[PDB]
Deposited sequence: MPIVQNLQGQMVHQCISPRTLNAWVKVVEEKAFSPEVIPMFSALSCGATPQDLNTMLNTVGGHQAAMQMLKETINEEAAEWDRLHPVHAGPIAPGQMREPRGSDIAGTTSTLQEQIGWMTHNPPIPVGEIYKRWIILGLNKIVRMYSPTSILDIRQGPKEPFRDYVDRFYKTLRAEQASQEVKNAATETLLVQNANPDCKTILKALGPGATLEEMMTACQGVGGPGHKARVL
């Protein structure tokens, strides 16, 4: 990473990333973990992290195709001894050296190729998280003997993995959460009506 001087990847940062994917796969928390463990990363560090992912090579190829899509858009938007202009392949670290990546990231002003690449990767990880969610939000309904908290847990766990704006996800919640509570809770919830906080809803259905 760049901390401005270049620094070696630490073994613990690398191991922390491998362990996250091993234990959580592509649960939504992989994205905050990747962003935090990739703080300051060069494109070379980013490629190291992705290359250490064990298995899940279908998702990694999907990630690659997302990167190629974003690099093509970068090239569309941005066609001796001096700083080169980075193309998409440079940002992805396929056609650029570490020395060039350091030069871009530490220049005044910088071309933050590490942050640009990280954005493309996170977009790819968002797609993977959506693709690998085992549930769809229309199928989350409160069981007749499921505590309301357990149902809300399942609801937002599913909604968390979908790829959409926060405002879009909130519309889905207003459309489905109370409506798919079980009969006894749904009537209590509708009696409270809109504007009830989730805290108030959970107290009323406990």
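Unmodelled regions (deposited sequence positions with no C-alpha coordinates, counted from 1) are 1, 5-10, 87-93, 221-232.
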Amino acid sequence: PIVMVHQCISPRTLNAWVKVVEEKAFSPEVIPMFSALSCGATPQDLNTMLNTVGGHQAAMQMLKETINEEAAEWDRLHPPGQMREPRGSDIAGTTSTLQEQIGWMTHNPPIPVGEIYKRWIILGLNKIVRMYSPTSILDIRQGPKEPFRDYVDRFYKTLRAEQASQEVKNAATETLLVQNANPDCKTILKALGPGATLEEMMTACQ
From here on, numbers count along this sequence of modelled residues.
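When the mean C-alpha temperature factors of 192-200 and 178-186 are read from the deposited coordinates, 192-200 comes out higher. When the two stretches 154-162 and 169-177 are set side by side, the higher mean Cα temperature factor goes to 169-177. Each of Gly114, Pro134, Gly93, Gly124 has a CA temperature factor in the record; the biggest one is found at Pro134. Sorting the modelled residues of the chain by their CA temperature factor places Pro144 in the middle third. When the CA B factors of the chain's modelled residues are split into thirds, the value for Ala36 lands in the middle one.
Residue-level temperature factors show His107 in the highest third of its chain, judged at the C-alpha atom.
In the PDB entry, a CA B factor belonging to the lowest third of its chain's modelled residues is recorded for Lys118.
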